[PDB]
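A quick write-up on the structure given underneath.
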Amino acid sequence: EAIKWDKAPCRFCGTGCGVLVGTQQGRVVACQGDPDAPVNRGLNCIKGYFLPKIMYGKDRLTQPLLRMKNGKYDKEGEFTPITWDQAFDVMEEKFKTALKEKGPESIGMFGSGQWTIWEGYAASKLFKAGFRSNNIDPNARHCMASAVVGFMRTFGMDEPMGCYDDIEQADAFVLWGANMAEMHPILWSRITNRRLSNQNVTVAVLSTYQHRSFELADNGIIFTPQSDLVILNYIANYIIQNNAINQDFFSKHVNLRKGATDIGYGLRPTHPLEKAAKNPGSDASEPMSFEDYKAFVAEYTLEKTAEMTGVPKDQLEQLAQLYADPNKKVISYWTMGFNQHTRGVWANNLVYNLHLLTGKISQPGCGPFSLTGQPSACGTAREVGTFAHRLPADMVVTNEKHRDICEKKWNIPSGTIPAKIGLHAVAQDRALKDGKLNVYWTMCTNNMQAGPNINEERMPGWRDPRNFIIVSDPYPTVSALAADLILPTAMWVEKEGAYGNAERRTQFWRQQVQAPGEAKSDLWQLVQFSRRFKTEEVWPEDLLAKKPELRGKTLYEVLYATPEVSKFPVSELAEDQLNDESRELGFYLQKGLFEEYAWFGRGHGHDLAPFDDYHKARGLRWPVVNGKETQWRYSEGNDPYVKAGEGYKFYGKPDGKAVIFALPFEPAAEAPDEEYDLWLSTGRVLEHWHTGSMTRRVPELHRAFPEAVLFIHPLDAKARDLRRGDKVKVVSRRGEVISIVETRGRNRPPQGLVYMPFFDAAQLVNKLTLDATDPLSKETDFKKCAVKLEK
Ligand SMILES: Nc1nc2c(c(=O)[nH]1)N[C@H]1C(S)=C(S)[C@@H](COP(=O)(O)OP(=O)(O)OC[C@H]3O[C@@H](n4cnc5c(=O)[nH]c(N)nc54)[C@H](O)[C@@H]3O)O[C@H]1N2
Ligand SMILES: Nc1nc2c(c(=O)[nH]1)N[C@H]1C(S)=C(S)[C@@H](COP(=O)(O)OP(=O)(O)OC[C@H]3O[C@@H](n4cnc5c(=O)[nH]c(N)nc54)[C@H](O)[C@@H]3O)O[C@H]1N2
Ligand code: SF4
Ligand SMILES: [Mo+6]
């Protein structure tokens, strides 16, 4: 009857604040900053604050709903309650018919950086090892794919080599389009402490519009969309021009390559920009001489930079001067500005160069730090490998040796994991539209609302009668309402969980409460489904002839209830500890999966701690080796994978050196023209998360920001007969929405640029956006398209 408090990471942004959750009488009634979490040390943003309301939204789903018409499934039918048994019958039949008629390629899953590590792992096994389809792709394809491809190109291993502790040791902070004041508030406040308490510290904030992070900027810069590539190249030039190359670091630790150019925009091949492409979608590169490079960036003159970006010459020099100064510990930060960008991989590589020329990396207070938006985009989506090309621990389906390790460990026949790359996020949109993808299960995502260009591909595809759409969600979203089967899902602290944040910190949480009705977690869903299939129904005969001891076995027995996954008995759980899945299946399912999964990366640079260690700690940052977590990767002393006297080893590349890539500016896919005269950028707002399905179900979050507005410059409204408060129609070549004029909000765009958040389900901004992606990462450029306003 006293409140019970236990740790969990925050359900929201990638900062990964530690939280103490208070339960009483089967409800979460209180939630506070965990004092002893090193991330936030008790601090909290308004979203973390309202965590106890997110589960008690008004219309939680409690029951599977199928579209039905006199007693049977119908695409045009009315959502009607059916049992779990019946929901799996229909799913069983749908998957089994697709496998029969077009095979594994006609079946797909759309997963999430909001999945629990084990949910991600289970899903991958189901799809890759069970059904033999790589058509599993996440959330995170809209988000971190560009930073990930960037890491792989520059370092050969994923994820940052610094940590949040760099904040209170930095001399200078450069945010490359990150609105950290709103999207990483706990980081911001820590930066704010650093800045405000120390006069020799500088803060540069570059953005496409003025926002709340400008408040703390010594060097506040507004540039033109895409022009960051110019600035990035310019600073590199400046460093050379000013003899600021750290020679010693440069000599032992860097290679130079030139990247392939004129790569298109990851649109349908029929599209003008694809036909016009020279090297469409190529990530190819060749070794490059130093003077080749020096000539390359010499094109990027202070004068040209100023023109191409609209930013004052002296401000560009103040900025490049921070990188060049040999005594300035610098942190570089970026988020979707760099990542949701048609040359975002290039962006990523381009910013690394800056750090790599100057030797500013893998040291306390000093490093390039790719921020992550989602709570477990890193720990789940990226580390487990819930992508179409992926296997655990940075491994690729494309590599026969990688396939071998996984097939051997999982104890499935040789050759069962498929070698062909599956369909990425936007490609799944395109395949659905085409009737090529006929069975499609979405989990822990709101893609009808979050994915780009709704009208053109996704809505017609989802609604196509050749297709069967399944969504698992705690709430009836835009996505759920567009589906054919809705599966009611356990959320956050209604299950045992694990999330991995932006600084490689893995954080566990015990189950504290129980889901309403018959809501089950994604882990239950996936694992109970696996029992509906026999090996002979998913694997070809001559795969079975390699291990005939698996004939007549279900994907359940084969992927989840193996002696290995089930080593761990329920007696290991505390007597009064909730764990619906494990208590049902009679073994500690989360740990067995975790311990089989951790195996891949242990001893290969990705080391996860013993399962049970995370249940004690307020998280651990990997590699965790002999009890000891890693704060800085790739530097001697800090990382146990660097030998004595090496100084720096980037052991992700065969030869241990990081790679600088010379890459040009290329223009955004769609810029303003005569008709569509304004830039449109999109993103978030402090008080809302993503599509708002959770935060809008919080009375007071809704009351702080009830509707999406359109942030517009006074004179752009003036010139259009639009006044603050006016109803306004925003129109692109792809669709339209009706919003409200805001000339005096927190975001003040320069003239010519309009900005709009996507949380509001009545104002679907992704009816406007262009599904052009970085052709290398396949990440959609949500930040940049052309638009017009009518009254
Ligand atoms: N309150 C809140 N916080 C969140 C979330 C949320 O929903 N709500 N979601 C989380 C997730 S998953 C994500 S991915 C993040 C996103 O976090 P951010 O990327 O920080 O925020 P957004 O609102 O998505 O991005 C708008 C920013 O894009 C920049 N931008 C636009 N065009 C360009 C360009 O050409 N170049 C560059 N360099 N920058 C550009 C603008 O400067 C602006 O700063 O937020 C995370 N945290
Ligand atoms: N225009 C535009 N579009 C964008 C972006 C942008 O800046 N501009 N940002 C992109 C980025 S960075 C991201 S990360 C994506 C995010 O896009 P999404 O991840 O699709 O959006 P969310 O609202 O996070 O979706 C999470 C869903 O899961 C439900 N849910 C909560 N807990 C659980 C659970 O345990 N299980 C299940 N099954 N469901 C659960 C919530 O109700 C919610 O419907 O959006 C991308 N789309
Ligand atoms: S900063 Fe992020 S992790 Fe911390 S409380 Fe806010 S939303 Fe949650
Ligand atoms: Mo994101």
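Counting starts with 1 at the first residue shown.
The header says X-ray crystallography, 2.5 Å.
Every residue, even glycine, has its Cβ placed from backbone N, Cα and C.
Taken verbatim from Swiss-Prot:
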- 3-59: domain '4Fe-4S Mo/W bis-MGD-type' (DOMAIN)
- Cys10, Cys13, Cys17, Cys45: [4Fe-4S] cluster binding site (BINDING)
- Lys47, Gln114, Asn139, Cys143, 176-183, 207-211, 226-228, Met336, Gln340, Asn446, 472-473, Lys495, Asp522, 682-691, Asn766, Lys783: Mo-bis(molybdopterin guanine dinucleotide) binding site (BINDING)
- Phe758: substrate binding site (BINDING)
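A map of Swiss-Prot features onto the structure.
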residue	record	Cβ within 10 Å
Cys13	[4Fe-4S] cluster binding site	25
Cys17	[4Fe-4S] cluster binding site	28
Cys45	[4Fe-4S] cluster binding site	23
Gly177	Mo-bis(molybdopterin guanine dinucleotide) binding site	26
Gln210	Mo-bis(molybdopterin guanine dinucleotide) binding site	19
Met336	Mo-bis(molybdopterin guanine dinucleotide) binding site	28
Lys495	Mo-bis(molybdopterin guanine dinucleotide) binding site	29
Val685	Mo-bis(molybdopterin guanine dinucleotide) binding site	24
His690	Mo-bis(molybdopterin guanine dinucleotide) binding site	20
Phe758	substrate binding site	23
Taking the Cβ of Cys10 ([4Fe-4S] cluster binding site) as the reference point, list residues of the same chain whose Cβ is under 8 angstroms away and which are at least six residues distant in sequence.
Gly16, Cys17, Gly18, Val19, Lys47, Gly48, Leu51, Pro375
Residues within 8 Å of the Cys10, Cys13, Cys17, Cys45 Cβ centre (excluding the [4Fe-4S] cluster site residues themselves):
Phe12, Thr15, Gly16, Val19, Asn40, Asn44, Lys47, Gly48, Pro185, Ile186
Cβ packing number for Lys47 (Mo-bis(molybdopterin guanine dinucleotide) binding site), 10 Å threshold:
22
Cβ under 6 Å from ligand 1: which of the binding-site residues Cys10, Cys17, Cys45, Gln210, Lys495, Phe758 qualify?
none
What are the sequence-distant neighbours of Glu182 (Mo-bis(molybdopterin guanine dinucleotide) binding site), meaning same chain, six or more residues apart, C-beta distance under 8 angstroms?
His211, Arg212, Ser213, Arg684, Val685, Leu686, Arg746
Can you tell me how far the Cα of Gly177 (Mo-bis(molybdopterin guanine dinucleotide) binding site) sits from the Cα of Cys45 ([4Fe-4S] cluster binding site), in Å?
21
Which one is it, among the binding-site residues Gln210, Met336, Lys495, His690, that lies nearest to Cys13 ([4Fe-4S] cluster binding site) by Cα separation?
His690
If you run the three-state DSSP split on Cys45 ([4Fe-4S] cluster binding site), which class comes out?
coil
Kindly assign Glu182 (Mo-bis(molybdopterin guanine dinucleotide) binding site) to one of the three DSSP-derived states: helix, strand or coil.
helix
Among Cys10, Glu182, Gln210, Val685, the binding-site residues whose C-beta sits under 6 Å from ligand 2:
none
Nearest to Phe758 (substrate binding site) in three-dimensional space, by Cα, is which of the binding-site residues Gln210, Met336, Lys495, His690?
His690
